[PDB]
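# Overview (structure and organization)
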Amino acid sequence: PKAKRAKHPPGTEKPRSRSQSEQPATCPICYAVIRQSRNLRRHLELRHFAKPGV
DNA sequence: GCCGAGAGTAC
DNA sequence: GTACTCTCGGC
Ligand SMILES: [Zn+2]
């Protein structure tokens, strides 16, 4: 239905207002270093809570 | 296989 | 006016 989020279209400016808002992030389980805090949550499901939630 | 980053929107 | 989430490609 809605178009997908493609970063291919022209006029793709890279403002720091998207990276500046996030601060470095470390994993308390395997000390993995994730830069974006949002990505840190994803790391939890990838190398830790990646098991069935049931 | 994981990682890193852009856009659209709400308050 | 900021940060939020969802997505896509790259090595
Ligand atoms: Zn970890």
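Residues numbered from 1 in each chain as written, not as in the entry; some residues may be left out. Chains lettered and ligands numbered in written order. Heavy atoms only, no water.

## Some details on the coordination of the zinc ion
Selection criterion: Sodium, potassium and calcium take a 3.2 Å donor cutoff, other metals 2.8 Å, and in both cases only N, O and S atoms count; water is not among them, so sites may look incomplete. Working rule for geometry: tetrahedral if four donors all subtend angles between 85 and 135 degrees; square planar for four, octahedral for six, if opposite donors exceed 155 degrees and the others stay between 65 and 115; irregular in every other situation. Helix and strand labels come from DSSP, where a helix needs a run of H or I of at least four residues and a strand needs a run of E of at least two; each type is numbered from the N terminus. Note on exposure labels: buried denotes an accessible area under 20% of the residue type's maximum, exposed denotes more than 50%, and partly exposed covers the range between, all computed with a 1.4 Å probe on protein chains only.
Of the protein atoms, only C27 (SG), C30 (SG), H43 (NE2) and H48 (NE2) coordinate the zinc ion, at distances of 2.0 to 2.3 Å. Angles of 105 to 123° at the metal separate the four donor atoms of the zinc ion, which places the site in the tetrahedral class. One chain supplies every donor to the zinc ion, and in sequence these donors are spaced C-x2-C-x12-H-x4-H. Taken as a pair, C27 in the loop between β1 (25-26) and β2 (33-34) and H43 in helix α1 (residues 37-47) lie far apart in primary sequence, 16 residues in all. Under the relative-accessibility criterion, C27 is labelled buried at 0%. Judged by its relative accessible area of 9%, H43 is buried.

## Focus: the protein's contact with DNA strand C
This is how the line gets drawn: Each residue is tested against the molecule or strand, and it is near if at least one of its non-hydrogen atoms lies within 4 Å. Pairing of N or O atoms within 3.5 Å defines a polar contact, subject to two protein rules: one partner must be a possible hydrogen donor and the other a possible acceptor, and residues neighboring in sequence count only if both atoms are side-chain atoms. In the scheme used here, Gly and all other residues not listed as nonpolar or charged are polar, with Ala, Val, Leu, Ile, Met, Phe, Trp, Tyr, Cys and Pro taken as nonpolar and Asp, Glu, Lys and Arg as charged.
Neighbouring DNA strand C are the residues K4, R5, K7, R18, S21, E22, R38 and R41. The protein-proximal atoms of DNA strand C, defined as those within 4 Å of the protein, are 60% sugar or phosphate. Between DNA strand C and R38, the relevant distance is 2.8 Å, taken from a base oxygen to a side-chain nitrogen or oxygen of the residue. Take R41: an N or O atom from its side chain is 2.8 Å from a phosphate oxygen of DNA strand C. When its residues are assigned to classes, the surface near DNA strand C shows no nonpolar, one polar and seven charged.

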